[PDB]
Amino acid sequence: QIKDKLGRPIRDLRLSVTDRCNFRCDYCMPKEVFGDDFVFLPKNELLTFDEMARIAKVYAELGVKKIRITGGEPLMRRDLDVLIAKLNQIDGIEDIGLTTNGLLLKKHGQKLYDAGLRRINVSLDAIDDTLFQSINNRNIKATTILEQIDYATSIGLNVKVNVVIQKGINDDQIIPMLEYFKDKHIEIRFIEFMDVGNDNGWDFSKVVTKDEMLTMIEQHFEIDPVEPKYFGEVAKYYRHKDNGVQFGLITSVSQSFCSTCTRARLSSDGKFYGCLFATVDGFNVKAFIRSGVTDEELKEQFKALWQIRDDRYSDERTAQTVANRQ
Amino acid sequence: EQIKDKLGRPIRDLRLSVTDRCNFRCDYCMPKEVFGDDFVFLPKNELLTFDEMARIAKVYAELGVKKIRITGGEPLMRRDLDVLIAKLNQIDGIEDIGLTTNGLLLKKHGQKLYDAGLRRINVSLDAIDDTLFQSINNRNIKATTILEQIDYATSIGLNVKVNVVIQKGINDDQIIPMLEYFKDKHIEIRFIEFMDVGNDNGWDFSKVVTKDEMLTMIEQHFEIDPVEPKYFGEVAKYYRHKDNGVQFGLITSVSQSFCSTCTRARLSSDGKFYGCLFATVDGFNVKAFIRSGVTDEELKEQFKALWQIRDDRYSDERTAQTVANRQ
Ligand SMILES: Nc1nc2c(ncn2[C@@H]2O[C@H](COP(=O)(O)OP(=O)(O)OP(=O)(O)O)[C@@H](O)[C@H]2O)c(=O)[nH]1
Ligand code: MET
Ligand code: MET
Ligand code: SF4
Ligand code: SF4
Ligand code: SF4
Ligand code: SF4
């Protein structure tokens, strides 16, 4: 079994398929920085689907059961159905997932289910049209996205929602969001907002802890804990007593998870990272695969890359706060 | 004055083992099979002297240690333990000195201990039923006796907390009469997940009552408020009886390991250094190092080097393995 320096297997491949997006959320792609000026990667510098297939295959032979398609907005990638179809004919890969803001689901959703997509996570940082429009900067109403989700549901897709909660900004949205997806039978998850200050420590200001979210919810709903599907399961799950619908609370900052992190990522221009955090550029997979290589030689470079992985960034920020508190 | 190890962690706690002897033969710790009639314990001369301990603790204080815990073995078996407490009480920088004990010997030694400056003790007590407890400790000690020792301890001015290790099938039906009994005494009881490494080799969850599991028996018999934490990445998750305001704790060692915030150094009873509770190999021989003749400053350089190369994270390795084992 292939394992990093901390003893973790490879089980997940996060696959970035584009640097582009039809939103300008300010945590993520603020307009100052990603303006009309901006030059996103030209066509021929993204990986072809057939290179993504070769990489996903070789990864499946080293452990990866699961693939997550991101960007960017992944739906901004043209002919995404083709990738989903290619990846879904690889036999070690059990589940394929796609993280979207959802806007393009009515346009491309059917061609993607046809191709083998059964499951999507829709980000949606707010349900009130005014606040959400002021988060996304592209004049798109939370209502629009609540209708793409319902069409995704209707074509047969399994939909889950990712909400990043921020104190002053995204706080008052927890309760109307729960109550909405409760009669919609969709599984919603509220994620702690992540942020690091000057002193390498955590930024607990805008962060509303799993402790604090539940104290709020348990006042407006009757709530039951659900024992973890598997062991080392990221999100914590609870259930509503009347209709047994579930919601999740991911504890990013107040409860780090680096020890069971099994996720390898490829960025939109074909670089390897062992962590959603990275100061330096990583191995240039693209320059490697285009210099001519054998599958079973691609297999050794990824394996060499994983075995030398020792990433633990949310752990380090955790170890720095204890160091700063001193 | 702040020293960090390979994984970013500062040194803060020193665990001092003062003896390899115990008056109990607990099955998960010292079973009679292994520690029987013929087990040779350490000769006197091969224990650290109280002067040696006082000197180690002084130099660790300079490296940022604030907290000493005295353990064993059963520490109350080490003769003249009050001498040690007195010397440690004289070390600047050391804020908290604690004792972990089975509590059998508190009436015997407690006053002399208090006299010398001890104020805080944790008492291990795995059951409150007498028959079950005899069969846990294997030396015919009733739980009633330990409860009498606990009450004497509080009466002379010691702060008592209680530590309970829960194995499913054994003492898991002790969770509610122990919660209740100590709620009434205004005593802080903490419940610890049983640590057992299977085959294999990730955790063995057989027995093993989780946090959730444990907190579901509790929520049915008592009416509970969760407590916000003292400090970032704090040991237990605390809770509060609404009555009343008594606290209990839930130490989640297997379901959620705390290695990334682990701040403890240990000296064993044979005077070896360990960076972790677990340990497959012999530690640096600190006792032979001191007895070779070294200055304080040479002792310091060594503790410091010993801390900077530290990368122990035993429980997180097991957790990682437990993930890897599923596949
Ligand atoms: N894995 C691990 N468990 C620990 C560690 N320190 C304490 N524990 C657990 O906590 C239990 C009781 O701890 P004690 O030695 O009495 O002291 P403490 O609770 O850590 O410290 P206090 O806050 O002073 O009460 C032990 O039985 C341990 O299993 C540690 O460093 N690592
Ligand atoms: C870096 S986030 C990319 C996925 C998607 N555009 C979302 O945020 O919902
Ligand atoms: C390994 S525990 C050592 C301290 C004490 N004898 C215990 O039983 O509380
Ligand atoms: S939608 Fe997703 S990718 Fe686009 S900017 Fe907002 S968060 Fe980022
Ligand atoms: S910081 Fe990196 S290593 Fe830790 S979980 Fe986040 S992704 Fe994994
Ligand atoms: S009393 Fe303490 S040291 Fe003695 S066997 Fe039991 S747990 Fe271990
Ligand atoms: S396993 Fe070792 S490193 Fe981890 S917390 Fe326990 S003592 Fe610290």
Side-chain angles (χ1 to χ4, degrees), chain A residues 11-23 40-41 43-61 63-124 136 138 140-162 181 184-189 229 245-246 263-268 270 289 295:
Chain A
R11 290 291 168 66
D12 310 298
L13 177 65
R14 170 171 236 126
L15 197 78
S16 218
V17 99
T18 197
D19 59 347
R20 304 164 160 286
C21 184
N22 43 11
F23 275 28
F40 314 99
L41 292 164
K43 312 202 74 170
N44 60 207
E45 302 291 324
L46 301 153
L47 294 171
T48 56
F49 293 143
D50 214 341
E51 291 157 332
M52 276 178 252
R54 288 191 46 200
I55 295 151
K57 193 237 176 82
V58 169
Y59 264 106
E61 301 185 3
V64 166
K65 296 292 156 40
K66 218 179 225 98
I67 301 171
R68 203 100 224 145
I69 304 319
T70 31
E73 185 39 40
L75 296 178
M76 294 274 278
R77 187 65 185 263
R78 151 157 64 147
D79 291 342
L80 221 192
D81 50 321
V82 178
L83 180 74
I84 285 154
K86 277 176 90 91
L87 292 188
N88 169 265
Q89 301 204 9
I90 305 173
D91 40 74
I93 308 294
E94 301 176 317
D95 319 333
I96 293 151
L98 176 139
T99 314
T100 179
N101 64 38
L103 175 67
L104 280 158
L105 279 177
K106 279 200 212 185
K107 214 199 149 192
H108 295 123
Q110 194 60 85
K111 87 199 213 104
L112 286 166
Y113 177 95
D114 289 359
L117 227 220
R118 288 312 174 255
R119 285 156 172 274
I120 63 174
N121 294 98
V122 176
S123 302
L124 174 76
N136 81 62
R138 288 294 190 99
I140 256 99
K141 298 112 175 300
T143 298
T144 316
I145 276 152
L146 265 48
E147 303 164 54
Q148 313 278 326
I149 278 163
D150 286 11
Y151 166 86
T153 284
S154 83
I155 63 160
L157 293 153
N158 179 74
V159 190
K160 294 169 196 283
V161 173
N162 293 290
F181 297 118
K184 286 281 169 182
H185 273 66
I186 296 160
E187 189 205 279
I188 194 180
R189 324 168 200 149
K229 291 162 196 38
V245 169
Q246 270 177 205
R263 193 170 331 93
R265 36 191 302 260
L266 258 59
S267 74
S268 36
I289 273 93
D295 267 81

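Residue numbering restarts at 1 for every chain, and letters A, B, ... go by the order of the sequence lines. Below, all heavy atoms of this structure are taken into account, side chains as well, without hydrogens, waters or symmetry copies.
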J.: In this structure, are over 12 heavy atoms from other groups packed under 6.0 Å from A:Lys160 atom NZ?
T.: yes
J.: Does the side chain of A:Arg118 come within less than 4.5 Å of A:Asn158's, by heavy atoms?
T.: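 A side-chain contact under 4.5 Å is absent here.
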J.: Judged by atom type as modelled, is there a donor-acceptor pair below 3.5 Å linking the side chain of A:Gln110 to the main-chain atoms of A:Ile155?
T.: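 Checked: no pair found.
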J.: Can you tell me how far the OG1 atom of A:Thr100 sits from the CD atom of A:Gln148, to the nearest 0.5 Å?
T.: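 Interatomic distance, A:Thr100 OG1 to A:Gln148 CD, rounded to 0.5 Å: 8.5 Å.
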J.: Between A:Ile55 and A:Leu47, is the side-chain contact (heavy atoms from CB on, under 4.5 Å) condition met? List the steps.
T.: CA-CA 10 Å; A:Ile55 295 151; A:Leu47 294 171; 4.0 Å; yes
J.: A:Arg77 vs A:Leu46, test: side-chain contact (heavy atoms from CB on, under 4.5 Å). Steps then yes/no.
T.: CA-CA 10 Å; A:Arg77 187 65 185 263; A:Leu46 301 153; 3.9 Å; yes
J.: For the side chain of A:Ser154 and the backbone of A:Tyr151, is there at least one donor-acceptor N/O pair under 3.5 Å apart?
T.: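 Yes; at least one donor-acceptor contact below 3.5 Å.
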J.: Closest approach of A:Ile90 and A:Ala60, non-hydrogen atoms and distance?
T.: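 Here A:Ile90 and A:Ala60 meet closest at CG2-CB, 4.2 Å.
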J.: Looking only at non-hydrogen atoms, find the nearest pair between A:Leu157 and A:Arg119 and report the distance.
T.: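 For A:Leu157 versus A:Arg119, the nearest heavy atoms are CD2-N, 4.2 Å.
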J.: Carefully, step by step, assess A:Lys111 and A:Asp79 under the rule side-chain contact (heavy atoms from CB on, under 4.5 Å).
T.: CA-CA 9 Å; A:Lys111 87 199 213 104; A:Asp79 291 342; 3.7 Å; yes
J.: Determine the minimum heavy-atom distance between A:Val122 and A:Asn101, stating which atoms define it.
T.: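 Result for this residue pair: CG1-O, 3.8 Å.
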J.: Nearest heavy-atom pair of A:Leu87 and A:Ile69: which atoms, and what distance?
T.: CD1-CD1, 4.1 Å
J.: Could you grab the distance from atom CG of A:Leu75 to atom CG of A:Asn22, nearest 0.5 Å is fine?
T.: 8.0 Å
J.: So A:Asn88 and A:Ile93, do their side chains get closer than 4.5 Å, heavy atoms only?
T.: no
J.: Applying side-chain contact (heavy atoms from CB on, under 4.5 Å), run through A:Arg189 and A:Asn121 and close with a yes or a no.
T.: CA-CA 10 Å; A:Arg189 324 168 200 149; A:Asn121 294 98; 2.7 Å; yes
J.: Do A:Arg20 side-chain atoms and A:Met76 backbone N/O form a donor-acceptor pair below 3.5 Å?
T.: no
J.: State the CG-OH distance between A:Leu266 and A:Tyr59, to the nearest 0.5 angstrom.
T.: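 One gets 6.0 Å once the value is rounded to the nearest 0.5 Å.
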J.: To the nearest 0.5 Å, what is the distance between OG1 on A:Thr18 and CZ on A:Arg78?
T.: 12.0 Å
J.: I need the A:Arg14 CZ to A:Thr70 OG1 distance, nearest 0.5 Å.
T.: 4.5 Å
J.: Does a side-chain heavy-atom distance below 4.5 Å link A:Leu80 with A:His108?
T.: no
J.: Taking the side chain as C-beta and beyond, is there a heavy-atom pair between A:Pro74 and A:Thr99 under 4.5 Å?
T.: no
J.: As an exercise, state the distance from CG of A:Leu15 to CD1 of A:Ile67, rounded to the nearest 0.5 Å.
T.: 7.0 Å
J.: Shortest non-hydrogen contact from A:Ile84 to A:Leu112?
T.: CD1-CD2, 3.0 Å
J.: Side chains of A:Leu103 and A:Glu73: does their closest heavy-atom pair fall under 4.5 Å?
T.: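 Of all side-chain heavy-atom pairs linking A:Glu73 with A:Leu103, none is under 4.5 Å.
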J.: Please name the pair of heavy atoms, one in A:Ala56 and one in A:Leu13, separated by the smallest distance, quoted to 0.1 Å.
T.: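 Closest approach of A:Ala56 to A:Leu13: CA-CD2, 4.4 Å.
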J.: Looking at A:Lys43, I want to see if its NZ is surrounded by more than 12 non-hydrogen atoms of other residues, nucleotides or ligands under 6.0 Å.
T.: no
J.: If we check side-chain hydrogen bond (donor to acceptor under 3.5 Å, both in side chains) with A:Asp95, which of these qualifies: A:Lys66, A:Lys65, A:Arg68?
T.: A:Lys66
